[PDB]
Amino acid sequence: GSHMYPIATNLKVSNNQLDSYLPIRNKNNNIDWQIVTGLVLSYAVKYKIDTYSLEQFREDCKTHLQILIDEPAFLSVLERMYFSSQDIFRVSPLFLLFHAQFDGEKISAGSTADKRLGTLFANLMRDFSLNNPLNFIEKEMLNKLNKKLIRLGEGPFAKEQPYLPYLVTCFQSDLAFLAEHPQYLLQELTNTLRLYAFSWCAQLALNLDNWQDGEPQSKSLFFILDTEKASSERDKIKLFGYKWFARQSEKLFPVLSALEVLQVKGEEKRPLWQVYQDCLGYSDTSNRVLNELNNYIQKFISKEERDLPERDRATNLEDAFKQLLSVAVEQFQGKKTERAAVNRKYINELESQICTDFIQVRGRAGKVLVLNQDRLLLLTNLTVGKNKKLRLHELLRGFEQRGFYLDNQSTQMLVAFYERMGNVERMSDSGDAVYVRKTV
């Protein structure tokens, strides 16, 4: 197939590190979600604002308008019309750019976690653009704003080939839908990002082991509505819920840091399933790749290095990768070790900063994955989207595409929730299907 050598030309047995894909590290995960939101919009429209506050824009806008008019009554009214900043934001979500202040090419106030999340979403937005999301006063305000907007250029984020292409499609549809509804964009863009950040990390964890199968698809992760007791014995929740997520989450840092070893310098990063595929299609008569991996693995498990059980070299590429991923995990076994502590911090950070209110306690049943009512409404609106109406099964398939699965019982409770919310065709007529519409 190819003749591009598929992995790093020099494979160092080094300290575990990742520079890609996961948006959290073992510490320093203080996230400014409004900055992240500003960064996302900036990358969507290819503009930024440089060291210039919304406070100052507001003042400059008043001033700008009284240069054009200067009627004492008029000033007093615009003062009142735009005293509340929500009324500036409502004119255009371009105003969210003020949250992501740049200083030259640098993100002025972001933590490095903000930049990491910015990077996740920029790689869900490859080859994606928003057309800028109006009465006569508002148009003058956007005219003043356009004078402040600086072109983004390539921007500050790293390029990473999409690990989960199915979330890309969904994310881009959802951003496009929000852009058509600017008032709803303001209410929900940020929550949409928290939702995607979680689902992306969960779906990643659940697809790590599927590196043999090429391009991944949505994996069954089951959530209850936060309103449910979860007292009866539900198989899907037990087998494919929190405990499945938690088991697979334990491999994020191990597997992704190993993948980091293979990544070719001076090239866009790519996911493990792409790297494997590239290794299979590379025609090397001399088995260069297989030999390099075996050398690395054998050096990895050596006593001077990680000190792991001896094993015969891999005779093929499939078995070489499995070996790489075993040892990648094996080094974190034994609760006592220092590396097992690092992996634990990864889990706690993930659960604290990314999984907020996706997890709850349910008595003796321990932790449980939940969808709270806000997220449920957000999903409903995103999924119905540009449609007037979806059949219930159509809706659930949308939810599933985005990483959210529901058993039959949760689906009953969902429909009941929609009756109260008044966005379902259910008991009030006799129809061919259950139809769900947007609440917005």
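Each residue number is its position in the shown sequence, starting from 1.
Per the record, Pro133 and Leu134 are separated by 4 to 9 deposited residues that are missing from the model. The PDB entry records a higher mean C-alpha B factor for 263 to 271 than for its counterpart among 263 to 271 and 120 to 128. Comparing 107 to 115 with 314 to 322, the higher mean C-alpha B-factor in the PDB entry belongs to 314 to 322. Take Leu369, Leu193, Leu75, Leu175 and read off each C-alpha B-factor from the entry; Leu75 has the highest.
Within the listed group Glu215, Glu228, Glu349, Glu338, the record reports its top CA B-factor for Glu338.
Residue-level temperature factors show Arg364 in the highest third of its chain, judged at the C-alpha atom.
Sort the chain's modelled residues by C-alpha temperature factor and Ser84 lands in the highest third, per the entry.
Annotation for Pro254: CA B-factor lies in the middle third of the chain's modelled residues. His181 sits in the middle third of its chain by CA B factor, as recorded in the PDB entry. Ranked against the other modelled residues of its chain, the C-alpha B-factor of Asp407 as given in the entry falls in the middle third.
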